[PDB]
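Below, in structure tokens: the form deposited in one PDB entry, a single chain.
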């Protein structure tokens, strides 16, 4: 169906609110004609000074350019009854990574992690190849269904990136805990590397079940990053002295990288990949394509993997986890 925007929201049965969204609520709902479960993201128009939100417009333009298994795919746009909000429509996903981790109902085996990472990275690689930067990777933006299928979501901060030559981009992107060192240090002409750093944080978080860098503020965050990955310095990161806040934001002692010691409990192949993902110099950081060729992922056959043990009776989304 090419003919978007005309079908009515009342063709869906609204089951319940699953999210609080930037420009409207997110609903679980059911298709009355097909019986299919969907998520509806509301876009409210009324009382907006500038009408339909430029934010949703950007996301819509990006979503429409991406078709991949591991990336959220918007089915149609529907309207409130007329004569007024729109609703973006997506395949319903039972959970997101944050809600699950927080539920305390789940445990992820090495095999589960491999499978999740394989799917996340293939989604990410696809986006990068299309010249999109995600810029908001975090647990709450990764969706998982009961069949154990992963989808990268929330393209609300994504943008096109110039692969041919460098361009200046917005710096305060990515929630702080997942934000890479070059951004904390004020880079504006950054790269798809920023997203891979976010993913290495997820990977580590899957093993410890807690976000691996948890600070309030930027300087504090850099210090925590320094403590694990080593201080940023020219010896490992020559270009670092060119960054705006390098002198201003300086860690507290000149730390050694102790990533491999701190995460020794992790399997060695996972740990290689983690090491590479959390490499401070974005130009040395592995690409999304590189992660897929790693020991940890290269031989993961998805068809041959058992779905994980996820609750089929509770939908573990981030909003739920708070309530």
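By rigid core we mean the largest C-alpha set that fits within 1.5 Å across both forms. Residue numbers count along the first chain shown, from 1.
In what follows, reference is made to the form deposited in another entry, a form of this protein that is not presented.
In the core-aligned comparison between this form and the one not shown, the C-alpha of 163 is the only one from 175, 214, 208, 163 that shifts by 2 Å or more. A movement of the C-alpha atom of residue 264 falling short of 2 angstroms is seen between this form and the one not shown when the two forms are aligned on their rigid core. Annotation for residue 236: C-alpha shift under 2 angstroms between this form and the one not shown, rigid core superposed. For residue 300, the Cα coordinates differ by under 2 angstroms between this form and the one not shown after the core has been superposed. Relative to this conformation, a decrease of 3 Å or more in the Cα-Cα distance between residue 122 and residue 316 is found in the other form. Between residue 318 and residue 40, the Cα spacing is larger in the other form than in the shown form, differing by no less than 3 Å.
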